[PDB]
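The block underneath contains the structure these notes are about, expressed in structure tokens.
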Amino acid sequence: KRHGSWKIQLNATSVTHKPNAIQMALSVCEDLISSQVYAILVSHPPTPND
Amino acid sequence: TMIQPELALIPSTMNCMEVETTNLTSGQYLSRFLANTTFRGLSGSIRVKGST
């Protein structure tokens with residue numbers, strides 16, 4: 001809403017922290033890669049240090 | 001095997017589509033060993049550069 005570009009649209013998808021490296025990578029490949037998404041924001045997982 | 005024989009000999013993952021998120025995987029442990037090798041081979045000397 002704050003950008004004046006008319007040919008640019010922004011969409012947000014919820015990618016939860018899957019409690020497995022295989023599950024996380026597989027979920028990312030099946031959803032983020034198949035969505036042709038641009039850029040991803042990284043957040044800390046449930047574990048305080050991992 | 002002189003360091004982690006149990007982790008070296010036993011693979012961490014047994015299922016192709018189900019791999020546990022092990023902190024020290026057998027392949028992960030062997031990655032350091034592969035990155036930390038330097039000896040003399042048949043064609044010359046073999047070493048590890050860039051850990052890969």
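Ordering of the structure tokens sets the chain letters (A, B, ...), residue numbers begin anew at 1 in every chain, and ligands are numbered from 1 in the order given.
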_Interface list for chain A, partner chain B, 9 Å threshold, only C-alpha atoms, as a PyMOL selection string_ = chain A and resi 19-23
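Here atom CA of residue A:37 and atom CA of residue A:18 stand 18.5 Å from one another.
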*asked:* From a backbone DSSP assignment, name each residue in chain A labelled helix (DSSP H, G or I), as a count of residues only.
replied: 13
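Put simply, atom CA of residue B:27 is 16.5 Å away from atom CA of residue B:48.
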_So that I can check the surroundings of stretch 1-6 of chain B, please list as an MDAnalysis selection string every protein, DNA and RNA residue that reaches within 12 Å of it, counting only C-alpha atoms and ignoring chain neighbours fewer than 5 positions away._
chainID B and resid 11:12 24:30 32:33
